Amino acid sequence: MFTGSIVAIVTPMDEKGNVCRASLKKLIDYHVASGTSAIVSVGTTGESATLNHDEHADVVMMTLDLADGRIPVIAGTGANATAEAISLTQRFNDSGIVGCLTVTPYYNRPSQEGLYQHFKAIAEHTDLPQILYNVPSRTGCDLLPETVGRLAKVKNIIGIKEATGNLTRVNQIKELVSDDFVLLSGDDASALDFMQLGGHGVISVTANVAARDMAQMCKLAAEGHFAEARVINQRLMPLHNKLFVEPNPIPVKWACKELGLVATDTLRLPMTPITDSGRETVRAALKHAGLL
């Protein structure tokens, strides 16, 4: 559902840069078998940036189709134009998705009032649950706790993917919102800390390749067994860091390929193939994780 280990799933491509269905199916089967709570489809790790909205929609539909009710699917729906965000959302009305992950507008750097108006308008024109998404390092702006608090009063704004890696934000946000509001980490390396502070889960890059460990860890964290969760986390930590040694999803797509989870590690420009140096850092991380 909207807690636990949620995978920010790669969009597996062939050598032409087109979605590879066979590979997506394997990945979905892998997640159903590994205890992953939900799949975020065509988020950042999903290369939302370089799929056009038609392809973005296909991949979501294909993901849902392959999932076949076995695992909930959340659609990435973010756009830096509110009209575009709205209109992309409509595309997934009645699709079967359980909700949407919607990023703060990138590049144009709106005010807090602007972010409020953006997200309120989007929530207005759908019945689907909305997860807010904050990642200033990508977007150039920062959705502050106060504004999260105003937006949480809207019926179908139900949570936030907090990707700052600033852990003070957990309780600043939490004080300000009801206990039903979901607090999910968007930063693998600090996600166990995030959960220990009161977070409910993680929308994860690491889960693409360490699905089971991430699921166990997140469940331990929810039960208060932090010591036990850390042991897993310790072992995943090089992966938490080195999946970003080169721009996400370059490392993780290579990792999937190396595990045999996807046929090719192809991406679309401006993402470029992994360097040999990166190959060697990632492979070492995988082995530390015990995955290789």
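Each residue number is its position in the shown sequence, starting from 1.
Comparing 136 to 144 with 89 to 97, the stretch with the higher mean C-alpha B-factor in the PDB entry is 89 to 97. Per the PDB record, residue ranking by Cα B-factor puts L269 in the middle third of the chain. Per-chain ranking of the deposited C-alpha B factor places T63 in the highest third. When all modelled residues of the chain are sorted by CA temperature factor, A83 is found within the middle third. Per-chain ranking of the deposited C-alpha B factor places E55 in the highest third.
For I173, the recorded CA temperature factor ranks within the middle third of the chain's modelled residues.
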